[PDB]
């Protein structure tokens, strides 16, 4: 509250660390469904069904240009990529499996980097 601050974590490295995480995700073999926005002319349903599209390149642009106020807003966008993927794709598709794999990969890096 006013004039009563919790000590707070050094956040000076967050930009660099999120960039490194994102780079590791971009170079993962299963990142191919996620590298560019879903093309709304190529994919029947996508536009109407997925209210807030997101993808690695859009995250990279936002990161590179100071559009994430903090760590958590970055993790929300990453999770949005995988949540959209689950909403739109069957678990038993190549894309559905990629999303599950990439989410698991991300959350471990996230916990390893920031919780520990």
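In this text, the rigid core denotes the largest set of C-alpha atoms whose superposition between the two forms falls within 1.5 Å. Numbering follows the first chain given and starts at 1.
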Fill in the blank from the handout: The stretch that moves more in 9 other deposited structures of this protein, judged by RMS C-alpha distance from this form after core superposition, 89 to 97 or 5 to 13, is 5 to 13
Fill in the blank from the handout: Per-stretch CA RMS vs shown form in 9 other deposited structures of this protein, rigid core as reference, larger of 39 to 47/26 to 34 is 39 to 47
Exercise for the section: On mean C-alpha B-factor from the PDB entry, just flag whether 42 to 50 or 82 to 90 is the higher one. Expected result: 42 to 50
Practice task
Output the stretch having the higher mean C-alpha B factor in the entry; the candidates are 10 to 18 and 95 to 103.
Solution key: 10 to 18
Fill in the blank from the handout: Here the Cα B-factor of residue 55, set against its chain, lands in the third termed lowest
Completion exercise
Chain thirds by Cα B factor, record data; residue 29 belongs to the highest
